[PDB]
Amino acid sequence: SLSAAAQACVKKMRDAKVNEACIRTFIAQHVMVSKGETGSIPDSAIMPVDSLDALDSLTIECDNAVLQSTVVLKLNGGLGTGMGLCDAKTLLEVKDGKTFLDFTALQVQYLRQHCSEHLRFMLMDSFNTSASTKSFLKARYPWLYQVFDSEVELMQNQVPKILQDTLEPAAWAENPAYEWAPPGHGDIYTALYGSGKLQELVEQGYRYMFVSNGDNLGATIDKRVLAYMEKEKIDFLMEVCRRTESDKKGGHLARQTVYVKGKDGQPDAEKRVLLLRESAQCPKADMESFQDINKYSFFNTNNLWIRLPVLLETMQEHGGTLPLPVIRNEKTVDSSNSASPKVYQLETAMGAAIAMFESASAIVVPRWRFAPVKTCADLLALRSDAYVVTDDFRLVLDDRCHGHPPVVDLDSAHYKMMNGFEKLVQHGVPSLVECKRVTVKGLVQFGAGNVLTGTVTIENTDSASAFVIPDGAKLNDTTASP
């Protein structure tokens, strides 16, 4: 029943021993793409979400049996090509001598010492992140490394890049590894199911999984969420934050109205269905509305809670897949070579599972559960004193910020790549806890002990010479120039 292109994909995947759940999942996306689907979600088809419960209003914590049944997973399979990264982002330094992986392991240790003695922790890796993550734990945290292969690591799948005009699997004789790509972090459900780990977790008595981004060190277990999901019988819960100006890369919550038409004299009652819209899913000529933080003010944190037996049941009842909406990413098979064949890279976002369950919902959480690092501008804020380290080893906004991170605007010509950002803070990281907005234009180098307050702009109009800010300089509500 499949097309020739789709069959070619199946054959390639089978020959490469790709797990069948992945093949089934991918093919379904392939069929959608062949019928015109791109993943685009226009604003005319959605409407904002105006009312949600709040974590700040919750007080009751879950019982010990529920806490014991909760697995913690951290995403760690992405390639931060936007920050000029070649390995796992979690190996980058966050504070003095501590990486993302350092605080993550310290959070797990803390939870095991004070909350759940046998807390199960997992990492979803790619082959482009697996060995470096394992060797890091090998040296710094041997208790995690000893059970790394047995219970920690979940290996994400690889799917073929398909030619844009025929949807056949793309070939690249120069480097056939470039014929494959990660299918996004929405692959977590497919990888858990196809590897049999989802069934084994349910067999072992686990009932909840808390997933979060590897770059968000503010996301740990909150026992009030588990009690909330138990009481309200919620099978999937997405943590959303009130959107700030800094929330530009990610996705926002949205709703549609599905009319359960009337019965037994009852009228047609509207029921709100929730969905996620990534930035890639917004029509590119309509990005103004995706960026309106007032129109769509609920930003997905990717702190997700899933009831594992219901996820398992749902997948089994759908041929062994979770039919997440496909995102059609347009690239070239060698993303560095504009002359290489153009391809589609079919991906899904794990937050899109909010549309897969009848009892799915979202809850508004404070900013201290969301400290994202998508760019080097985010990393400057996280490295600065605007973020502090909690006792349970979370990275949270300083209380003085009132939930608003400093708005950091770095010249993309000089600081988009990690090597360029490293030159900017070579002599020290400026104080930004009292800085509302910092904009760096042109070639600039921070000095030692810089203190920024208010709205600060550093503009070097002649980038033939870098502008080194003097040591101890204090910039308050000003624009500094050579």
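Start at 1 and count along the sequence shown; that's the residue number.
- In this entry, 382 to 390 shows the higher mean Cα temperature factor of the pair 382 to 390 and 213 to 221.
- Between 185 to 193 and 105 to 113, the higher mean Cα B-factor belongs to 105 to 113.
- Which of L397, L226, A339, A349 has the largest Cα B-factor in the deposited entry comes down to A339.
- Note on the listed residues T59, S34, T453, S40: the highest Cα temperature factor in the record is that of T453.
- Residue-level temperature factors show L144 in the highest third of its chain, judged at the C-alpha atom.
- Remark: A448 belongs to the highest third of its chain, ranked by C-alpha B-factor as recorded.
- Ranked against the other modelled residues of its chain, the C-alpha B-factor of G80 as given in the entry falls in the highest third.
- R328: CA B factor in the middle third of modelled residues in this chain (values from the PDB entry).
- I293 sits in the highest third of its chain by CA B factor, as recorded in the PDB entry.
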